[PDB]
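J.: First the structure, which I've put down as structure tokens, then a few questions once you've had a look.
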Amino acid sequence: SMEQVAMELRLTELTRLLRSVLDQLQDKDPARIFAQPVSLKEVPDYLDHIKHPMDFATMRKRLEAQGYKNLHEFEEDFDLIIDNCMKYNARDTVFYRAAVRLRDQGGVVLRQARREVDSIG
Ligand code: NA
């Protein structure tokens with residue numbers, strides 16, 4: 001049906017919008033601390049600490065697989081990146097501090113992306 005082609009032409013724009021948003025968020029981590037998944041070879045016990053790992057490349061693979069149905073799912077993943085880091089790492093570390101900074105600077109990008117999703121449907 002054509003009614004599925006109109007749905008696919010919207011998901012394809014959402015996927016096109018979410019790509020810009022992901023790029024803007026990832027520019028707030030110039031140290032690339034959140035670029036890749038935490039290595040299980042380097043942190044063997046990680047999954048004892050954190051049940052749902054998340055990172056930017058993992059979000060990206062999903063994204064290009066049109067796996068985000070909406071902005072709320074995309075946000076959830078972003079928030080995991082931040083909250084996982086803030087549990088696993090102590091307050092006086094470079095990792096925890098990078099998340100605090102990513103959260104603070106990522107808010108401005110997400111406050112406007114909310115309006116652009118609602119605005120353009
Ligand atoms: Na902690």
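Ordering of the structure tokens sets the chain letters (A, B, ...), residue numbers begin anew at 1 in every chain, and ligands are numbered from 1 in the order given.
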Identify, on the basis of only C-alpha atoms, every residue whose closest approach to residue A:52 does not exceed 12 Å; exclude the query and any residue fewer than 3 positions from it along the same chain; express the result as a list in words.
T.: residues 37, 38, 46, 47, 48, 49, 55, 58, 76, 77, 78, 79, 80, 81, 82, 83, 84 and 85 of chain A
J.: Stretch 97-102 of chain A: which residues within 10 Å, counting only C-alpha atoms, same-chain residues fewer than 2 positions away excluded, as a ChimeraX atom specification?
T.: /A:25-34,78-79,81-86,89-95,104-107
J.: Mind pulling up the distance from atom CA of residue A:111 to atom CA of residue A:61?
T.: 23.8 Å
J.: Tell me, as a PDB file with C-alpha atoms, in the first residue's frame, which residues lie within 8 Å of stretch 69-75 of chain A, counting only C-alpha atoms; anything in the same chain fewer than 3 positions away does not count.
T.:
```pdb
ATOM      1  CA  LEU A  11      10.591   7.472   9.226  1.00  0.00           C
ATOM      2  CA  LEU A  14      13.006  11.191  11.266  1.00  0.00           C
ATOM      3  CA  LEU A  18      18.043  12.117  14.185  1.00  0.00           C
ATOM      4  CA  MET A  59      23.215   4.336  18.682  1.00  0.00           C
ATOM      5  CA  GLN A  66      15.902   3.053  11.038  1.00  0.00           C
ATOM      6  CA  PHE A  78      21.438   9.073  25.125  1.00  0.00           C
ATOM      7  CA  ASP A  79      20.523   9.191  28.776  1.00  0.00           C
ATOM      8  CA  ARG A 114      11.807  18.310  20.521  1.00  0.00           C
ATOM      9  CA  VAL A 117       9.921  16.821  15.711  1.00  0.00           C
TER      10      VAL A 117
END
```
J.: Out of A:50, A:17, A:65, A:108, which residue has the shortest atom-to-atom distance to ligand 1 when counting only C-alpha atoms and all ligand atoms?
T.: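 Result for the nearest residue to ligand 1: A:50.
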J.: Taking into account only C-alpha atoms and all ligand atoms, which residue in the set A:87, A:67, A:16, A:109 is nearest to ligand 1?
T.: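 For ligand 1, the nearest of the candidates is A:87.
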J.: As a ChimeraX atom specification, please: all residues of chain A that backbone DSSP puts in alpha helix (DSSP H).
T.: /A:2-26,46-49,56-64,71-88,94-120
